[PDB]
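Student: PDB, C-alpha atoms (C1' of nucleotides), file data12.pdb:
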```
ATOM      1  CA  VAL A 142      46.418  41.863 -13.401
ATOM      2  CA  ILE A 143      43.457  39.854 -14.739
ATOM      3  CA  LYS A 144      43.235  40.304 -18.509
ATOM      4  CA  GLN A 145      41.326  37.480 -20.205
ATOM      5  CA  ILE A 146      39.146  34.617 -18.956
ATOM      6  CA  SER A 147      37.919  31.766 -21.149
ATOM      7  CA  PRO A 148      34.344  30.458 -20.912
ATOM      8  CA  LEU A 149      34.009  27.781 -18.255
ATOM      9  CA  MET A 150      34.508  24.326 -19.748
ATOM     10  CA  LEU A 151      33.253  20.877 -18.781
ATOM     11  CA  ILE A 152      36.318  18.619 -18.929
ATOM     12  CA  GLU A 153      36.221  14.832 -18.620
ATOM     13  CA  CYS A 154      39.286  13.165 -17.091
ATOM     14  CA  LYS A 155      39.715   9.488 -17.931
ATOM     15  CA  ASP A 156      41.610   6.782 -16.068
ATOM     16  CA  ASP A 157      44.398   7.129 -18.628
ATOM     17  CA  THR A 158      45.143  10.647 -17.427
ATOM     18  CA  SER A 159      46.993  11.872 -20.520
ATOM     19  CA  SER A 160      44.093  13.373 -22.484
ATOM     20  CA  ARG A 161      41.065  15.434 -21.478
ATOM     21  CA  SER A 162      37.702  15.447 -23.253
ATOM     22  CA  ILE A 163      35.980  18.832 -23.501
ATOM     23  CA  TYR A 164      32.178  18.698 -23.462
ATOM     24  CA  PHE A 165      29.974  21.323 -25.118
ATOM     25  CA  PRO A 166      26.177  21.672 -25.251
ATOM     26  CA  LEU A 167      24.631  20.002 -28.273
ATOM     27  CA  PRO A 168      23.799  22.510 -31.036
ATOM     28  CA  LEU A 169      20.054  22.980 -31.360
ATOM     29  CA  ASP A 170      20.256  22.134 -35.085
ATOM     30  CA  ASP A 171      22.271  18.925 -34.673
ATOM     31  CA  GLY A 172      20.953  15.980 -36.657
ATOM     32  CA  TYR A 173      18.712  18.225 -38.770
ATOM     33  CA  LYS A 174      19.135  19.989 -42.110
ATOM     34  CA  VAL A 175      17.843  23.538 -42.613
ATOM     35  CA  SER A 176      17.609  24.754 -46.206
ATOM     36  CA  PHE A 177      15.823  28.141 -46.521
ATOM     37  CA  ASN A 178      14.626  27.629 -50.079
ATOM     38  CA  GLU A 179      14.975  30.893 -52.008
ATOM     39  CA  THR A 180      12.588  30.374 -54.926
ATOM     40  CA  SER A 181      10.902  33.545 -53.559
ATOM     41  CA  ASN A 182       7.198  34.484 -53.273
ATOM     42  CA  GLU A 183       6.495  30.994 -51.892
ATOM     43  CA  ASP A 184       6.162  31.586 -48.140
ATOM     44  CA  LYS A 185       7.625  34.139 -45.735
ATOM     45  CA  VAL A 186       7.754  33.990 -41.948
ATOM     46  CA  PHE A 187       7.027  37.205 -40.044
ATOM     47  CA  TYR A 188       8.903  37.045 -36.739
ATOM     48  CA  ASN A 189       7.021  39.832 -34.929
ATOM     49  CA  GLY A 190       6.641  41.695 -38.219
ATOM     50  CA  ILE A 191      10.060  41.218 -39.860
ATOM     51  CA  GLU A 192      10.490  39.354 -43.137
ATOM     52  CA  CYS A 193      12.306  36.013 -43.034
ATOM     53  CA  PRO A 194      12.566  33.046 -45.423
ATOM     54  CA  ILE A 195      10.707  29.886 -44.468
ATOM     55  CA  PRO A 196      12.871  27.424 -42.473
ATOM     56  CA  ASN A 197      12.391  24.086 -44.238
ATOM     57  CA  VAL A 198      13.865  21.481 -41.878
ATOM     58  CA  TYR A 199      14.521  17.762 -42.313
ATOM     59  CA  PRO A 200      16.270  15.133 -40.195
ATOM     60  CA  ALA A 201      19.711  14.245 -41.542
ATOM     61  CA  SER A 202      18.856  10.556 -41.903
ATOM     62  CA  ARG A 212      11.640  12.633 -45.860
ATOM     63  CA  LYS A 213       9.799  13.868 -42.772
ATOM     64  CA  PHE A 214       9.684  17.294 -41.133
ATOM     65  CA  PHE A 215      10.530  18.665 -37.698
ATOM     66  CA  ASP A 216       8.644  16.583 -35.132
ATOM     67  CA  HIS A 217       8.857  18.645 -31.949
ATOM     68  CA  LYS A 218       7.540  15.594 -30.077
ATOM     69  CA  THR A 219      10.890  13.889 -30.763
ATOM     70  CA  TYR A 220      13.144  16.960 -30.492
ATOM     71  CA  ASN A 221      15.563  16.401 -27.612
ATOM     72  CA  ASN A 222      18.791  18.244 -28.505
ATOM     73  CA  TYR A 223      18.384  20.473 -25.434
ATOM     74  CA  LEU A 224      18.890  17.457 -23.134
ATOM     75  CA  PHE A 225      22.235  16.421 -24.653
ATOM     76  CA  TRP A 226      25.841  17.519 -24.254
ATOM     77  CA  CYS A 227      28.448  16.680 -26.875
ATOM     78  CA  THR A 228      32.182  16.097 -27.218
ATOM     79  CA  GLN A 229      34.636  15.320 -29.998
ATOM     80  CA  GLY A 230      35.297  11.701 -30.884
ATOM     81  CA  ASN A 231      37.616  10.235 -33.509
ATOM     82  CA  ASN A 232      34.508   9.414 -35.565
ATOM     83  CA  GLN A 233      31.081  10.943 -34.903
ATOM     84  CA  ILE A 234      29.897  13.245 -32.106
ATOM     85  CA  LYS A 235      29.397  11.603 -28.712
ATOM     86  CA  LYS A 236      26.090  12.571 -27.085
ATOM     87  CA  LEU A 237      25.890  12.558 -23.284
ATOM     88  CA  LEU A 238      22.633  13.192 -21.451
ATOM     89  CA  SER A 239      22.593  15.984 -18.887
ATOM     90  CA  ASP A 240      21.268  13.402 -16.423
ATOM     91  CA  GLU A 241      24.440  11.316 -16.801
ATOM     92  CA  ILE A 242      26.628  14.358 -16.022
ATOM     93  CA  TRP A 243      24.820  16.207 -13.213
ATOM     94  CA  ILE A 244      23.293  14.583 -10.128
ATOM     95  CA  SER A 245      20.634  16.709  -8.430
ATOM     96  CA  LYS A 246      19.177  16.478  -4.932
ATOM     97  CA  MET A 247      16.656  18.693  -3.152
ATOM     98  CA  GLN A 248      17.358  19.546   0.488
ATOM     99  CA  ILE A 249      14.762  20.670   3.028
ATOM    100  CA  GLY A 250      15.869  23.330   5.478
ATOM    101  CA  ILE A 251      14.399  25.031   8.543
ATOM    102  CA  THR A 252      15.597  27.206  11.406
ATOM    103  CA  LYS A 253      15.002  25.559  14.772
ATOM    104  CA  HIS A 254      12.511  27.632  16.758
ATOM    105  CA  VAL A 255      14.325  29.114  19.748
ATOM    106  CA  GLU A 256      11.465  30.300  21.943
ATOM    107  CA  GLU A 257      11.231  33.438  24.102
ATOM    108  CA  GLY A 258      11.844  35.354  20.876
ATOM    109  CA  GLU A 259      11.405  35.578  17.094
ATOM    110  CA  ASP A 260       8.384  35.570  14.825
ATOM    111  CA  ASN A 261      10.408  33.075  12.778
ATOM    112  CA  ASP A 262       8.181  30.128  12.128
ATOM    113  CA  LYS A 263       8.559  31.350   8.524
ATOM    114  CA  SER A 264      12.029  29.770   8.101
ATOM    115  CA  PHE A 265      11.263  26.882   5.742
ATOM    116  CA  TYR A 266      12.852  26.325   2.345
ATOM    117  CA  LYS A 267      13.974  23.818  -0.272
ATOM    118  CA  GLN A 268      17.296  24.039  -2.100
ATOM    119  CA  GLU A 269      18.736  22.197  -5.091
ATOM    120  CA  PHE A 270      22.300  20.887  -4.922
ATOM    121  CA  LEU A 271      24.243  19.611  -7.927
ATOM    122  CA  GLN A 272      27.018  17.015  -7.963
ATOM    123  CA  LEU A 273      29.343  16.354 -10.878
ATOM    124  CA  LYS A 274      30.030  12.834 -12.072
ATOM    125  CA  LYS A 275      33.270  11.387 -10.768
ATOM    126  CA  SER A 276      35.203  11.934 -14.017
ATOM    127  CA  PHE A 277      33.962  15.491 -14.700
ATOM    128  CA  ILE A 278      35.604  18.760 -13.627
ATOM    129  CA  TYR A 279      35.208  22.455 -14.419
ATOM    130  CA  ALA A 280      37.957  24.397 -16.164
ATOM    131  CA  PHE A 281      38.765  27.722 -17.801
ATOM    132  CA  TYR A 282      41.761  29.687 -19.075
TER     133      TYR A 282
ATOM    134  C1'   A B   1      33.834  39.108  -2.637
ATOM    135  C1'   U B   2      31.628  35.330  -6.647
ATOM    136  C1'   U B   3      22.537  36.367  -7.890
ATOM    137  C1'   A B   4      26.356  36.431  -1.811
ATOM    138  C1'   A B   5      26.367  35.397   3.923
ATOM    139  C1'   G B   6      23.333  33.177   8.409
ATOM    140  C1'   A B   7      19.344  28.818   9.033
ATOM    141  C1'   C B   8      19.406  20.771  12.461
ATOM    142  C1'   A B   9      13.050  18.989   8.734
ATOM    143  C1'   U B  10      12.302  20.633  13.667
ATOM    144  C1'   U B  11       8.149  21.263  18.176
ATOM    145  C1'   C B  12       4.265  18.792  20.593
ATOM    146  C1'   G B  13       2.540  12.988  20.461
ATOM    147  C1'   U B  14       2.261   6.108  25.582
ATOM    148  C1'   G B  15       0.894   1.085  20.117
ATOM    149  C1'   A B  16      -3.074   2.609  22.914
ATOM    150  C1'   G B  17      -8.280   1.839  23.696
ATOM    151  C1'   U B  18     -12.630  -2.802  24.316
ATOM    152  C1'   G B  19     -11.700  -8.598  25.078
ATOM    153  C1'   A B  20     -13.095 -14.509  30.701
ATOM    154  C1'   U B  21      -8.880 -19.713  27.075
ATOM    155  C1'   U B  22     -13.916 -20.216  26.834
ATOM    156  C1'   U B  23     -17.856 -23.583  24.780
ATOM    157  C1'   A B  24     -19.506 -29.116  24.102
ATOM    158  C1'   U B  25     -18.011 -34.120  26.624
ATOM    159  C1'   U B  26     -21.144 -39.424  32.548
ATOM    160  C1'   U B  27     -14.241 -42.445  34.577
ATOM    161  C1'   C B  28     -17.512 -45.254  31.938
ATOM    162  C1'   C B  29     -18.090 -50.379  29.494
ATOM    163  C1'   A B  30     -17.832 -56.402  30.532
ATOM    164  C1'   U B  31     -17.567 -59.534  34.893
ATOM    165  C1'   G B  32     -21.925 -64.867  39.620
ATOM    166  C1'   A B  33     -18.197 -63.920  46.518
ATOM    167  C1'   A B  34     -18.152 -68.031  44.147
ATOM    168  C1'   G B  35     -16.379 -73.939  43.886
ATOM    169  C1'   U B  36     -16.068 -78.668  46.444
ATOM    170  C1'   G B  37     -17.635 -81.958  50.480
ATOM    171  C1'   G B  38     -14.525 -86.015  53.110
ATOM    172  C1'   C B  39     -14.182 -90.448  56.508
ATOM    173  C1'   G B  40     -16.446 -93.861  59.692
ATOM    174  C1'   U B  41     -18.635 -99.382  53.655
TER     175        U B  41
END
```
Now, as a test, write the supplied structure out as structure tokens.

Tutor:
Amino acid sequence: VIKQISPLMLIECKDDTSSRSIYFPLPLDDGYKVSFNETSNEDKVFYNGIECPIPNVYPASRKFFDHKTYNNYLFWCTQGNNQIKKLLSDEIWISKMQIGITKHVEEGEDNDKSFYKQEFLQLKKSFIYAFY
RNA sequence: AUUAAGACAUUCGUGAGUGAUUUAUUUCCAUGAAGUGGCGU
């Protein structure tokens, strides 16, 4: 009976529980302009041997792509009635590392080798998962 | 039935070993067992 499942969504539920904000990962090109100048014979990238035009990139605010300041991969985004709201992944997900062992019950087992660390994630109080 | 299920950060472990409340310090300084005779003219 299952026919169609939507991609899992990150939904924010506010105190005024009448509207929900859907959060998406920030596009990797956000805040930057990519042109691909086509004057030809200028410069061609070879991605593992395939022809491709050169990706001229500028911030949408010139200078070039400074990968020392590139941080779009750390941000999640949602629609606002203005610009795009950027939320850090830190502010959404809380992470803790848990140490675990199996208590050595003697008269048996070669299991001193039971020793591990696990990562557990907690969602912020206003954030839930959803899909259709 | 879903990179899933099971799993104590637990076992052993003396805040203990050595250590003088001891060293230095005069119950001492000053000081008269002294003073006076009386009456019988």

Student: Give the residues of chain B that lie within 10 Å of chain A; count only C-alpha atoms (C1' of nucleotides), and format the answer as a PDB file with C-alpha atoms (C1' of nucleotides), in the frame of the given file.

Tutor:
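Dumped to result.pdb:
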```
ATOM      1  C1'   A B   7      19.344  28.818   9.033  1.00  0.00           C
ATOM      2  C1'   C B   8      19.406  20.771  12.461  1.00  0.00           C
ATOM      3  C1'   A B   9      13.050  18.989   8.734  1.00  0.00           C
ATOM      4  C1'   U B  10      12.302  20.633  13.667  1.00  0.00           C
ATOM      5  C1'   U B  11       8.149  21.263  18.176  1.00  0.00           C
TER       6        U B  11
END
```

Student: Check which residues satisfy the PyMOL selection byres ((chain A and resi 270) around 12) in the file shown, then give them as a list in words.

Tutor: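 Evaluating the PyMOL selection byres ((chain A and resi 270) around 12) on these coordinates yields residues 243, 244, 245, 246, 247, 248, 249, 267, 268, 269, 271, 272 and 273 of chain A.
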
Student: Would you save the residues of that selection, restricted to C-alpha atoms, as an mmCIF file, keeping the file's coordinate frame?

Tutor:
```cif
data_model
loop_
_atom_site.group_PDB
_atom_site.id
_atom_site.type_symbol
_atom_site.label_atom_id
_atom_site.label_comp_id
_atom_site.auth_asym_id
_atom_site.auth_seq_id
_atom_site.Cartn_x
_atom_site.Cartn_y
_atom_site.Cartn_z
ATOM 1 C CA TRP A 243 24.820 16.207 -13.213
ATOM 2 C CA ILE A 244 23.293 14.583 -10.128
ATOM 3 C CA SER A 245 20.634 16.709 -8.430
ATOM 4 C CA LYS A 246 19.177 16.478 -4.932
ATOM 5 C CA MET A 247 16.656 18.693 -3.152
ATOM 6 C CA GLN A 248 17.358 19.546 0.488
ATOM 7 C CA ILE A 249 14.762 20.670 3.028
ATOM 8 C CA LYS A 267 13.974 23.818 -0.272
ATOM 9 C CA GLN A 268 17.296 24.039 -2.100
ATOM 10 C CA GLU A 269 18.736 22.197 -5.091
ATOM 11 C CA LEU A 271 24.243 19.611 -7.927
ATOM 12 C CA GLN A 272 27.018 17.015 -7.963
ATOM 13 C CA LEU A 273 29.343 16.354 -10.878
#
```

Student: Compile the contact shell of residue 176 in chain A as a list in words: residues with an atom at most 7 Å away, counting only C-alpha atoms (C1' of nucleotides), same-chain residues fewer than 2 positions apart removed.

Tutor: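 After dropping sequence-adjacent residues, the list is residues 174, 178, 196, 197 and 198 of chain A.
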
Student: Between CA of residue 150 in chain A and CA of residue 233 in chain A, measure the distance and give it in Å to one decimal.

Tutor: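 Spanning CA of residue 150 in chain A to CA of residue 233 in chain A is a straight-line distance of 20.5 Å.
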
Student: What's the separation between CA of residue 189 in chain A and CA of residue 216 in chain A, in Å to one decimal place?

Tutor: 23.3 Å

Student: Record the distance separating CA of residue 167 in chain A and CA of residue 187 in chain A, expressed in Å with one decimal.

Tutor: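 Rounded to one decimal, the two atoms are 27.3 Å apart.
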
Student: Please identify all polymer residues within 10 Å of residue 182 in chain A, counting only C-alpha atoms (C1' of nucleotides), omitting same-chain residues fewer than 3 positions from it, and present them as a list in words.

Tutor: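 Contacts, with the query itself left out: residues 179, 185 and 194 of chain A.
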
Student: Can I get the selection written as a JSON list (two decimals), in the frame of the given file, with C-alpha atoms?

Tutor:
```json
[["chain", "number", "residue", "atom", "x", "y", "z"],
["A", 179, "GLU", "CA", 14.98, 30.89, -52.01],
["A", 185, "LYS", "CA", 7.62, 34.14, -45.74],
["A", 194, "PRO", "CA", 12.57, 33.05, -45.42]]
```

Student: Which of these, A:201, A:186, A:146, A:224, has the shortest distance to residue 165 in chain A once you count all atoms listed in the file?

Tutor: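 Nearest candidate to residue 165 in chain A out of A:201, A:186, A:146, A:224: A:224.
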
Student: As a check of understanding, name the residues that the PyMOL selection byres ((chain A and resi 171) around 10) selects in the supplied structure, as a PyMOL selection string.

Tutor: chain A and resi 167-170+172-174+200-201+222+234

Student: Identify all residues satisfying the PyMOL selection byres ((chain A and resi 281) around 9) in the given file; provide them as a list in words.

Tutor: residues 146, 147, 148, 149, 150, 151, 279, 280 and 282 of chain A
